[PDB]
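**Q** What follows is final37.pdb; its format and atoms are PDB, C-alpha atoms and all ligand atoms.
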ATOM      1  CA  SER L   5     109.466 -89.500  29.589  1.00  0.00           C
ATOM      2  CA  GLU L   6     109.894 -85.890  29.035  1.00  0.00           C
ATOM      3  CA  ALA L   7     113.524 -86.786  28.367  1.00  0.00           C
ATOM      4  CA  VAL L   8     112.749 -88.941  25.381  1.00  0.00           C
ATOM      5  CA  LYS L   9     110.382 -86.406  23.918  1.00  0.00           C
ATOM      6  CA  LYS L  10     112.878 -83.555  24.434  1.00  0.00           C
ATOM      7  CA  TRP L  11     115.612 -85.606  22.738  1.00  0.00           C
ATOM      8  CA  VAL L  12     113.475 -86.429  19.683  1.00  0.00           C
ATOM      9  CA  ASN L  13     112.357 -82.794  19.577  1.00  0.00           C
ATOM     10  CA  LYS L  14     115.959 -81.568  19.535  1.00  0.00           C
ATOM     11  CA  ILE L  15     116.690 -83.793  16.550  1.00  0.00           C
ATOM     12  CA  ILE L  16     113.640 -82.514  14.635  1.00  0.00           C
ATOM     13  CA  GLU L  17     114.221 -78.866  15.527  1.00  0.00           C
ATOM     14  CA  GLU L  18     117.993 -78.603  15.065  1.00  0.00           C
ATOM     15  CA  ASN L  19     118.047 -80.289  11.616  1.00  0.00           C
ATOM     16  CA  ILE L  20     115.959 -79.059   8.706  1.00  0.00           C
ATOM     17  CA  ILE L  21     115.819 -82.630   7.373  1.00  0.00           C
ATOM     18  CA  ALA L  22     115.399 -85.253  10.089  1.00  0.00           C
ATOM     19  CA  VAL L  23     115.148 -88.993   9.395  1.00  0.00           C
ATOM     20  CA  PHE L  24     114.523 -91.617  12.058  1.00  0.00           C
ATOM     21  CA  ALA L  25     115.745 -95.001  10.870  1.00  0.00           C
ATOM     22  CA  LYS L  26     116.901 -98.360  11.995  1.00  0.00           C
ATOM     23  CA  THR L  27     119.568-100.908  11.242  1.00  0.00           C
ATOM     24  CA  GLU L  28     119.389-102.634   7.868  1.00  0.00           C
ATOM     25  CA  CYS L  29     116.223-100.920   6.736  1.00  0.00           C
ATOM     26  CA  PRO L  30     115.766-100.886   2.939  1.00  0.00           C
ATOM     27  CA  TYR L  31     113.164 -98.128   2.887  1.00  0.00           C
ATOM     28  CA  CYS L  32     115.241 -96.059   5.326  1.00  0.00           C
ATOM     29  CA  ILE L  33     118.195 -96.413   2.944  1.00  0.00           C
ATOM     30  CA  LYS L  34     116.059 -95.578  -0.094  1.00  0.00           C
ATOM     31  CA  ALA L  35     114.547 -92.459   1.524  1.00  0.00           C
ATOM     32  CA  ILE L  36     117.941 -91.258   2.747  1.00  0.00           C
ATOM     33  CA  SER L  37     119.462 -91.757  -0.697  1.00  0.00           C
ATOM     34  CA  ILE L  38     116.634 -89.796  -2.377  1.00  0.00           C
ATOM     35  CA  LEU L  39     117.147 -86.911   0.028  1.00  0.00           C
ATOM     36  CA  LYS L  40     120.929 -86.935  -0.449  1.00  0.00           C
ATOM     37  CA  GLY L  41     120.184 -86.922  -4.174  1.00  0.00           C
ATOM     38  CA  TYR L  42     118.885 -83.395  -3.689  1.00  0.00           C
ATOM     39  CA  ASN L  43     122.254 -82.492  -2.088  1.00  0.00           C
ATOM     40  CA  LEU L  44     120.677 -82.049   1.341  1.00  0.00           C
ATOM     41  CA  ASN L  45     123.454 -83.723   3.302  1.00  0.00           C
ATOM     42  CA  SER L  46     124.528 -80.549   5.051  1.00  0.00           C
ATOM     43  CA  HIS L  47     121.069 -80.098   6.544  1.00  0.00           C
ATOM     44  CA  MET L  48     120.256 -83.716   7.250  1.00  0.00           C
ATOM     45  CA  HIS L  49     120.470 -85.827  10.332  1.00  0.00           C
ATOM     46  CA  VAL L  50     119.822 -89.572  10.414  1.00  0.00           C
ATOM     47  CA  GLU L  51     119.119 -91.145  13.803  1.00  0.00           C
ATOM     48  CA  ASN L  52     119.230 -94.930  14.204  1.00  0.00           C
ATOM     49  CA  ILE L  53     116.600 -95.409  16.913  1.00  0.00           C
ATOM     50  CA  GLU L  54     117.162 -99.167  17.033  1.00  0.00           C
ATOM     51  CA  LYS L  55     120.618 -98.485  18.487  1.00  0.00           C
ATOM     52  CA  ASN L  56     118.963 -96.812  21.444  1.00  0.00           C
ATOM     53  CA  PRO L  57     117.791 -98.112  24.846  1.00  0.00           C
ATOM     54  CA  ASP L  58     114.444 -96.318  24.439  1.00  0.00           C
ATOM     55  CA  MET L  59     113.437 -97.446  20.938  1.00  0.00           C
ATOM     56  CA  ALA L  60     109.831 -98.218  21.890  1.00  0.00           C
ATOM     57  CA  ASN L  61     109.401 -94.807  23.569  1.00  0.00           C
ATOM     58  CA  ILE L  62     110.840 -93.084  20.496  1.00  0.00           C
ATOM     59  CA  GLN L  63     108.554 -95.064  18.169  1.00  0.00           C
ATOM     60  CA  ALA L  64     105.475 -94.347  20.290  1.00  0.00           C
ATOM     61  CA  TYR L  65     106.305 -90.624  20.250  1.00  0.00           C
ATOM     62  CA  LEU L  66     106.891 -90.677  16.486  1.00  0.00           C
ATOM     63  CA  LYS L  67     103.450 -92.256  16.156  1.00  0.00           C
ATOM     64  CA  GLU L  68     101.942 -89.485  18.301  1.00  0.00           C
ATOM     65  CA  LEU L  69     103.602 -86.903  16.017  1.00  0.00           C
ATOM     66  CA  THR L  70     102.975 -88.610  12.652  1.00  0.00           C
ATOM     67  CA  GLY L  71     100.393 -91.387  12.990  1.00  0.00           C
ATOM     68  CA  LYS L  72     102.812 -94.280  12.438  1.00  0.00           C
ATOM     69  CA  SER L  73     105.440 -95.951  14.622  1.00  0.00           C
ATOM     70  CA  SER L  74     107.447 -97.452  11.749  1.00  0.00           C
ATOM     71  CA  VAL L  75     110.763 -96.241  10.358  1.00  0.00           C
ATOM     72  CA  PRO L  76     111.724 -94.375   8.345  1.00  0.00           C
ATOM     73  CA  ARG L  77     110.032 -91.303   9.790  1.00  0.00           C
ATOM     74  CA  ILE L  78     110.818 -88.114   7.878  1.00  0.00           C
ATOM     75  CA  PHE L  79     110.419 -84.478   8.948  1.00  0.00           C
ATOM     76  CA  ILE L  80     111.282 -81.435   6.821  1.00  0.00           C
ATOM     77  CA  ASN L  81     111.499 -78.125   8.732  1.00  0.00           C
ATOM     78  CA  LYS L  82     109.441 -79.800  11.495  1.00  0.00           C
ATOM     79  CA  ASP L  83     106.663 -80.655   8.992  1.00  0.00           C
ATOM     80  CA  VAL L  84     105.704 -84.330   8.823  1.00  0.00           C
ATOM     81  CA  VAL L  85     106.580 -85.888   5.480  1.00  0.00           C
ATOM     82  CA  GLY L  86     106.043 -89.416   6.737  1.00  0.00           C
ATOM     83  CA  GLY L  87     107.605 -92.630   5.462  1.00  0.00           C
ATOM     84  CA  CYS L  88     109.543 -93.469   2.335  1.00  0.00           C
ATOM     85  CA  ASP L  89     106.325 -94.065   0.367  1.00  0.00           C
ATOM     86  CA  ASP L  90     105.128 -90.572   1.299  1.00  0.00           C
ATOM     87  CA  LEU L  91     108.509 -89.217   0.202  1.00  0.00           C
ATOM     88  CA  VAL L  92     108.254 -91.005  -3.150  1.00  0.00           C
ATOM     89  CA  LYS L  93     104.741 -89.625  -3.705  1.00  0.00           C
ATOM     90  CA  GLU L  94     105.887 -86.069  -2.909  1.00  0.00           C
ATOM     91  CA  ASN L  95     109.005 -86.496  -5.041  1.00  0.00           C
ATOM     92  CA  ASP L  96     107.142 -87.803  -8.078  1.00  0.00           C
ATOM     93  CA  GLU L  97     104.377 -85.212  -7.816  1.00  0.00           C
ATOM     94  CA  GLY L  98     106.653 -82.176  -7.436  1.00  0.00           C
ATOM     95  CA  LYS L  99     105.827 -81.409  -3.788  1.00  0.00           C
ATOM     96  CA  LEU L 100     109.239 -82.348  -2.401  1.00  0.00           C
ATOM     97  CA  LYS L 101     110.995 -79.976  -4.790  1.00  0.00           C
ATOM     98  CA  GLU L 102     108.556 -77.203  -3.828  1.00  0.00           C
ATOM     99  CA  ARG L 103     109.239 -77.814  -0.121  1.00  0.00           C
ATOM    100  CA  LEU L 104     112.972 -77.612  -0.667  1.00  0.00           C
ATOM    101  CA  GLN L 105     112.695 -74.518  -2.861  1.00  0.00           C
ATOM    102  CA  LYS L 106     110.763 -72.679  -0.154  1.00  0.00           C
ATOM    103  CA  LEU L 107     113.606 -73.489   2.271  1.00  0.00           C
ATOM    104  CA  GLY L 108     116.342 -72.243  -0.073  1.00  0.00           C
ATOM    105  CA  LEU L 109     117.767 -75.774  -0.214  1.00  0.00           C
ATOM    106  CA  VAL L 110     117.405 -76.174  -3.996  1.00  0.00           C
ATOM    107  CA  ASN L 111     117.413 -73.388  -6.589  1.00  0.00           C
TER
HETATM  108 FE    FE A   1     119.868-109.400   8.721  1.00  0.00          FE
HETATM  109 FE    FE A   2     122.203 -88.658  16.194  1.00  0.00          FE
END
Go through the file and emit its structure as structure tokens.
**A**
Amino acid sequence: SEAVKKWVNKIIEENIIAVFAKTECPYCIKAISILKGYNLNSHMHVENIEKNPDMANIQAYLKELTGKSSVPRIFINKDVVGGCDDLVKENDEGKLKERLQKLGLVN
């Protein structure tokens, strides 16, 4: 499906911060909370791909784009951040703040 790919693409391209998640997903919730902690709400979109008839297609495409099919899947300005563990590594090592500074999202 070109449709599925185009839909995922629109989410990644129209939102600087894009998070693909699922229902009752602790590491989705943790990653989303970290990002909101940087006051990124206005530029974030969270998509629950479990509430979707094409979940498996979406997951397979996210694997093609990022190397993993699991949620959460996190993109920042179309760059692959990865999962919540990747986000925690970038956050602790100063890379997440640098990303956001280059985007004008944090001073
Ligand atoms: Fe449950
Ligand atoms: Fe949505």
**Q** So, with all atoms listed in the file as the atoms that count, which of L:85, L:29, L:7, L:12 lies closest to ligand FE 1 (chain A)?
**A**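 The shortest atom-to-atom distance to ligand FE 1 (chain A) comes from L:29.
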**Q** Mind telling me what the PyMOL selection byres (((chain L and resi 50) around 7) and not hetatm) catches here, as a compact mmCIF listing (two decimals) with C-alpha atoms, in the frame of the given file?
**A**
# COMPACT_ATOMS: atom_id res chain seq x y z
CA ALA L 22 115.40 -85.25 10.09
CA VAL L 23 115.15 -88.99 9.40
CA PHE L 24 114.52 -91.62 12.06
CA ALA L 25 115.74 -95.00 10.87
CA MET L 48 120.26 -83.72 7.25
CA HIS L 49 120.47 -85.83 10.33
CA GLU L 51 119.12 -91.14 13.80
CA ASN L 52 119.23 -94.93 14.20
**Q** From the set L:17, L:92, L:103, L:53, which residue has the shortest atom-to-atom contact distance to ligand FE 2 (chain A), counting all atoms listed in the file?
**A**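 Of L:17, L:92, L:103, L:53, the one nearest ligand FE 2 (chain A), counting all atoms listed in the file, is L:53.
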**Q** Might you spell out which residues the PyMOL selection byres (((chain L and resi 111) around 12) and not hetatm) would select in the displayed file, as a ChimeraX atom specification?
**A** /L:42-43,101-110
**Q** Once you count only C-alpha atoms and all ligand atoms, which residues end up within 12 Å of ligand FE 1 (chain A), and could you hand them over as a PyMOL selection string?
**A** chain L and resi 26-30
**Q** If I take CA of residue 72 in chain L and CA of residue 84 in chain L, how far is one from the other in Å, to one decimal?
**A**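 Atom-to-atom, CA of residue 72 in chain L and CA of residue 84 in chain L are spaced 11.0 Å apart.
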**Q** What does the structure give for the distance between CA of residue 64 in chain L and CA of residue 46 in chain L, in Å to one decimal?
**A**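 We find that CA of residue 64 in chain L and CA of residue 46 in chain L lie 28.0 Å from each other.
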**Q** To verify the selection step, state as number ranges by chain which residues the PyMOL selection byres (((chain L and resi 77-79) around 9) and not hetatm) yields on this input.
**A** L: 16, 20-25, 32, 35, 66, 70, 72-76, 80-88, 91
**Q** To one decimal place in Å, what is the distance between CA of residue 14 in chain L and CA of residue 93 in chain L?
**A**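 CA of residue 93 in chain L lies 27.0 Å from CA of residue 14 in chain L.
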**Q** Pick out the closest residue to ligand FE 2 (chain A) from this set: L:55, L:97, L:36, L:6. Count all atoms listed in the file.
**A**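 Nearest to ligand FE 2 (chain A): L:55.
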**Q** Check the smallest atom-to-atom distance from each of L:63, L:54, L:37, L:69 to ligand FE 2 (chain A) using all atoms listed in the file, then report the winner.
**A**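 Between L:63, L:54, L:37, L:69, the residue approaching ligand FE 2 (chain A) most closely is L:54.
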**Q** Would you mind telling me which residue in L:68, L:18, L:96, L:89 lies nearest to ligand FE 2 (chain A) when using all atoms listed in the file?
**A**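 Using all atoms listed in the file, ligand FE 2 (chain A) sits closest to L:18.
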**Q** Tell me which of L:31, L:39, L:56, L:9 sits closest to ligand FE 2 (chain A), counting all atoms listed in the file.
**A** L:56
**Q** Model the absent atoms of range 37-60 of chain L so that N, CA, C and O atoms are present, and write the result as an mmCIF file, in the coordinates of the input.
**A**
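Dumped everything to out_24.cif:
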data_model
loop_
_atom_site.group_PDB
_atom_site.id
_atom_site.type_symbol
_atom_site.label_atom_id
_atom_site.label_comp_id
_atom_site.auth_asym_id
_atom_site.auth_seq_id
_atom_site.Cartn_x
_atom_site.Cartn_y
_atom_site.Cartn_z
ATOM 1 N N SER L 37 118.775 -91.966 0.570
ATOM 2 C CA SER L 37 119.462 -91.757 -0.697
ATOM 3 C C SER L 37 118.734 -90.735 -1.566
ATOM 4 O O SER L 37 119.376 -89.883 -2.188
ATOM 5 N N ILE L 38 117.399 -90.794 -1.619
ATOM 6 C CA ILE L 38 116.634 -89.796 -2.377
ATOM 7 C C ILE L 38 116.948 -88.390 -1.868
ATOM 8 O O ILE L 38 117.260 -87.456 -2.642
ATOM 9 N N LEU L 39 116.910 -88.233 -0.545
ATOM 10 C CA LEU L 39 117.147 -86.911 0.028
ATOM 11 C C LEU L 39 118.564 -86.435 -0.263
ATOM 12 O O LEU L 39 118.774 -85.273 -0.632
ATOM 13 N N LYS L 40 119.559 -87.327 -0.130
ATOM 14 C CA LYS L 40 120.929 -86.935 -0.449
ATOM 15 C C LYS L 40 121.085 -86.614 -1.928
ATOM 16 O O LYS L 40 121.945 -85.806 -2.301
ATOM 17 N N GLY L 41 120.222 -87.161 -2.752
ATOM 18 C CA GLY L 41 120.184 -86.922 -4.174
ATOM 19 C C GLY L 41 119.820 -85.486 -4.495
ATOM 20 O O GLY L 41 120.132 -84.979 -5.505
ATOM 21 N N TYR L 42 119.207 -84.801 -3.545
ATOM 22 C CA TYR L 42 118.885 -83.395 -3.689
ATOM 23 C C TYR L 42 119.976 -82.537 -3.059
ATOM 24 O O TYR L 42 119.795 -81.401 -2.783
ATOM 25 N N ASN L 43 121.111 -83.148 -2.734
ATOM 26 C CA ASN L 43 122.254 -82.492 -2.088
ATOM 27 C C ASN L 43 122.112 -81.757 -0.658
ATOM 28 O O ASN L 43 122.517 -80.628 -0.245
ATOM 29 N N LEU L 44 121.160 -82.391 0.029
ATOM 30 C CA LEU L 44 120.677 -82.049 1.341
ATOM 31 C C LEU L 44 121.511 -82.495 2.511
ATOM 32 O O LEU L 44 121.160 -82.211 3.591
ATOM 33 N N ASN L 45 122.612 -83.190 2.256
ATOM 34 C CA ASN L 45 123.454 -83.723 3.302
ATOM 35 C C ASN L 45 123.777 -82.748 4.453
ATOM 36 O O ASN L 45 123.605 -83.047 5.582
ATOM 37 N N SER L 46 124.168 -81.546 4.092
ATOM 38 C CA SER L 46 124.528 -80.549 5.051
ATOM 39 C C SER L 46 123.437 -80.174 6.049
ATOM 40 O O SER L 46 123.748 -79.661 7.065
ATOM 41 N N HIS L 47 122.189 -80.416 5.709
ATOM 42 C CA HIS L 47 121.069 -80.098 6.544
ATOM 43 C C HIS L 47 120.260 -81.342 6.946
ATOM 44 O O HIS L 47 119.133 -81.237 7.307
ATOM 45 N N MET L 48 120.895 -82.490 6.868
ATOM 46 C CA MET L 48 120.256 -83.716 7.250
ATOM 47 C C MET L 48 120.878 -84.371 8.454
ATOM 48 O O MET L 48 122.045 -84.347 8.628
ATOM 49 N N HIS L 49 120.044 -85.016 9.223
ATOM 50 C CA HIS L 49 120.470 -85.827 10.332
ATOM 51 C C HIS L 49 119.724 -87.160 10.305
ATOM 52 O O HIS L 49 118.553 -87.190 10.177
ATOM 53 N N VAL L 50 120.438 -88.247 10.412
ATOM 54 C CA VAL L 50 119.822 -89.572 10.414
ATOM 55 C C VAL L 50 120.090 -90.194 11.773
ATOM 56 O O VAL L 50 121.250 -90.288 12.204
ATOM 57 N N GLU L 51 119.024 -90.583 12.461
ATOM 58 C CA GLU L 51 119.119 -91.145 13.803
ATOM 59 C C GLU L 51 118.670 -92.597 13.748
ATOM 60 O O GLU L 51 117.529 -92.879 13.365
ATOM 61 N N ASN L 52 119.556 -93.507 14.144
ATOM 62 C CA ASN L 52 119.230 -94.930 14.204
ATOM 63 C C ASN L 52 118.615 -95.197 15.573
ATOM 64 O O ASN L 52 119.326 -95.337 16.575
ATOM 65 N N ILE L 53 117.281 -95.264 15.623
ATOM 66 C CA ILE L 53 116.600 -95.409 16.913
ATOM 67 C C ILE L 53 116.564 -96.845 17.396
ATOM 68 O O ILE L 53 116.139 -97.097 18.534
ATOM 69 N N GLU L 54 116.999 -97.795 16.564
ATOM 70 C CA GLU L 54 117.162 -99.167 17.033
ATOM 71 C C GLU L 54 118.373 -99.307 17.946
ATOM 72 O O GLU L 54 118.352 -100.079 18.914
ATOM 73 N N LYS L 55 119.451 -98.590 17.627
ATOM 74 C CA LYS L 55 120.618 -98.485 18.487
ATOM 75 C C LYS L 55 120.332 -97.453 19.566
ATOM 76 O O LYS L 55 120.924 -96.368 19.582
ATOM 77 N N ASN L 56 119.431 -97.774 20.460
ATOM 78 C CA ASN L 56 118.963 -96.812 21.444
ATOM 79 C C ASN L 56 118.223 -97.603 22.511
ATOM 80 O O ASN L 56 117.440 -98.496 22.175
ATOM 81 N N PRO L 57 118.476 -97.343 23.797
ATOM 82 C CA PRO L 57 117.791 -98.112 24.846
ATOM 83 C C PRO L 57 116.302 -97.820 24.928
ATOM 84 O O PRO L 57 115.562 -98.602 25.538
ATOM 85 N N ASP L 58 115.832 -96.745 24.312
ATOM 86 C CA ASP L 58 114.444 -96.318 24.439
ATOM 87 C C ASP L 58 113.732 -96.346 23.093
ATOM 88 O O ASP L 58 112.916 -95.473 22.790
ATOM 89 N N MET L 59 114.022 -97.360 22.276
ATOM 90 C CA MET L 59 113.437 -97.446 20.938
ATOM 91 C C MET L 59 111.913 -97.386 20.974
ATOM 92 O O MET L 59 111.297 -96.639 20.212
ATOM 93 N N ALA L 60 111.289 -98.175 21.850
ATOM 94 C CA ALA L 60 109.831 -98.218 21.890
ATOM 95 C C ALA L 60 109.238 -96.864 22.269
ATOM 96 O O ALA L 60 108.211 -96.460 21.710
#
